[PDB]
């Protein structure tokens, strides 16, 4: 097969990686914490099976994601380390991140501090401006797809729904985070990288309030709501003016009035001076809490400590 010869390494993954532990579950299989035997380094492995009967589509999705991942070379995007094949299962290897921003919201059962939101937002934004400068669109920006890695960098992950070209016209994304002009393709229409700026605004609210607006409504009704109603905003007046302004700019409903990710890189919310260890401290803050969550042996957050086993 042309695609296997071109995109995959020939090694048997079973010989290269060990101590696999599930750290998540995707659409094609679990995602595992693992150690590369060649250097004792921890990695993340997304196993994607293409057996069964949906084999054709499954294989097609795998290759499409691999081709996208290998194009990426930016510090705020998840590092792709290659892929392997073994018995109808493709092993996509990536640098290992200790958790997602949503895992952080789940561990503390509290929104993040504004300075932490600014740091996470800034990382995700740099990653998005990088994709957009190459005519790509992520299309699924949300806290659950933003990963944190030691020492403390924030990276965009999950390129399963990305577009290699803009403008695009596919109904894709996760309802609560979807931009209005993407929903309007449910019928017909086109859009560009600005749909990610909208999703980033919703994600900012999600980090500030633990959930995106409309999370309390079923997905289908939410879609019509997003398309028809005016934009949501941060609920509380206690956040700084810069943060409130960043979110309101991200959530402009008229696409032409919404700024590109490139322009937002210079927004004061993102450029405001903050401690260079904000993320590191957050991670540590989180590790400490995971070790305290009662039932550490039955935790779904205990993975944040897997590399210590």
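Numbering follows the first chain given and starts at 1.
**Q** Read off the CA B-factors in the entry, average them over 69 to 77 and over 172 to 180, and name the higher stretch.
**A** Taking the mean C-alpha B-factor of 69 to 77 and of 172 to 180, the larger value falls to 69 to 77.
**Q** Determine, for stretches 22 to 30 and 240 to 248, which one has the higher mean CA B-factor as deposited.
**A** Going by the record's values, the stretch with the higher mean is 22 to 30.
**Q** Using the temperature factors in the entry, find which of 103, 196, 87, 230 has the highest value at its Cα atom.
**A** Out of 103, 196, 87, 230, the record gives the largest C-alpha B-factor to 87.
**Q** Looking at 116, 95, 158, 187, which has the highest CA B-factor as recorded?
**A** Comparing C-alpha B-factors across 116, 95, 158, 187, the top value belongs to 187.
**Q** Test of reading the entry: by CA B factor among the chain's modelled residues, which third contains residue 107?
**A** Highest third - that is where residue 107 ends up once the chain's C-alpha B-factors are sorted.
**Q** Comparing residue 212 with the other modelled residues of its chain, is its CA B-factor in the lowest, middle or highest third?
**A** Lowest third.
**Q** Looking at the entry's B-factor column for C-alpha atoms only, identify whether residue 201 ranks in the lowest, middle or highest third of its chain.
**A** It belongs to the lowest third of the chain when residues are ordered by C-alpha B-factor.
**Q** Tell me, lowest, middle or highest third: where does the Cα B factor of residue 152 rank within its chain?
**A** As the PDB entry reports it, the C-alpha B-factor of residue 152 lands in the highest third of its chain.
**Q** Comparing residue 278 with the other modelled residues of its chain, is its CA B-factor in the lowest, middle or highest third?
**A** For residue 278, the deposited C-alpha B-factor lands in the highest third.
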